[PDB]
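Below, in structure tokens: the form deposited in one PDB entry, a single chain.
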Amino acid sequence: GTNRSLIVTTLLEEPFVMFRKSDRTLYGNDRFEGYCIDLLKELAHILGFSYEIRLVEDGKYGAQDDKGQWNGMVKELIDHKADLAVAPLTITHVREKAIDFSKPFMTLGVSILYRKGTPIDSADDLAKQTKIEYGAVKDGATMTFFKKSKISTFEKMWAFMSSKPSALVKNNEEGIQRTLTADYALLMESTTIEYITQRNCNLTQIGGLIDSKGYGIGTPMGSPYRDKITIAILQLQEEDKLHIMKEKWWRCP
């Protein structure tokens, strides 16, 4: 209870959480590596806890349907099926109504991922047309941002995204593949765009950040572990350790 291993829910998302490469068939925690895994390891060392990592079955971050029911990692936390969600889980007002988060460990904002070619320069350029299709990860924070926005440009974008069955993609990976194979722009969080555009040299960020927010480790509301994790994150940041960790995992003509 006070010594048990914490159940950690996560999902695969480069470079935060990945299956590490090996010839062996791997099992347990050893399967995983990445920025969020390094963060979890450092926290576990500092705070003296152990854990078991489990992939969220539905592969989603989490959003509410019209009856108010959640899915994804958010639902795992609400149900107390996990103690921590260690992932690039965006801290949002709608989620703070249902679950808790550590202090943020990374800052990001929504922006646009698109192929180098047609020189569009902003969301305004996307919103005023449909030839270039656009969308976001289904049941993630970006989708929810557009769904909830009352800013005219973003309302127009939500009207389009939500009417076009192909527009909302299962995960970043499907979205990135779409930007590579179709005339499609993905509304994406900015540090992920940074990572992707350093590796796919034909992709680029379009425009700037639409907002500025954070990723946190999710917990069930009122978790006994959340506070110590927050304080440990704060101290890692005072010493620039998270900046260094980012450089490790983010490290074109």
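Throughout, rigid core stands for the largest set of C-alpha atoms superposing within 1.5 Å between the two forms. Heads up: residue numbers just count along the shown sequence, starting at 1.
Engineer: Which class describes the count of deposited residues lacking coordinates between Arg251 and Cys252: none, 1 to 3, 4 to 9, or 10 or more?
Structural biologist: Just 1 to 3 residues are missing between them.
Engineer: Mean CA B-factor: is it higher for 153 to 161 or for 100 to 108?
Structural biologist: Averaged over C-alpha atoms, the B-factors run higher in 153 to 161.
Engineer: Output the stretch having the higher mean C-alpha B factor in the entry; the candidates are 187 to 195 and 224 to 232.
Structural biologist: Higher mean C-alpha B-factor in the PDB entry: 224 to 232.
Engineer: Among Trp70, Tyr35, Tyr215, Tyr27, which residue carries the highest C-alpha B-factor recorded in the PDB entry?
Structural biologist: Across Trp70, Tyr35, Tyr215, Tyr27, the entry lists the biggest C-alpha B-factor for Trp70.
Engineer: Per the entry's values, where does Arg95 land by CA temperature factor relative to the rest of its chain, in the lowest, middle or highest third?
Structural biologist: Its C-alpha B-factor belongs to the lowest third of this chain's values.
Engineer: Using the B-factor values recorded in the entry, state whether the Cα atom of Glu42 falls in the lowest, middle or highest third among the modelled residues of its chain.
Structural biologist: Lowest third.
Engineer: How does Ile53 rank on Cα B-factor within its chain, lowest, middle or highest third?
Structural biologist: Answer is lowest: the recorded C-alpha B-factor places it there.
Engineer: What third of the chain does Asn171 rank in for C-alpha temperature factor, lowest, middle or highest?
Structural biologist: As the PDB entry reports it, the C-alpha B-factor of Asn171 lands in the middle third of its chain.
Engineer: Pull the Cα B-factor of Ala87 out of the PDB entry and bin it into the chain's lowest, middle or highest third.
Structural biologist: It falls in the bottom third of the chain.
Just so it is clear, the following notes concern the form deposited in another entry, a form of the same protein that is not shown.
Engineer: Taking the rigid core as the reference frame, is the Cα of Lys128 displaced by 2 Å or more between this form and the one not shown?
Structural biologist: It does, since the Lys128 C-alpha is displaced 2 Å or more between this form and the one not shown after the core fit.
Engineer: Checking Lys81 here: with the core superposed, does its CA move 2 Å or more between this form and the one not shown?
Structural biologist: Moves: no, less than 2 Å.
Engineer: With both forms fitted on the core, check whether the Cα of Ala98 differs by 2 Å or more between this form and the one not shown.
Structural biologist: After core superposition, the C-alpha of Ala98 moves less than 2 Å between this form and the one not shown.
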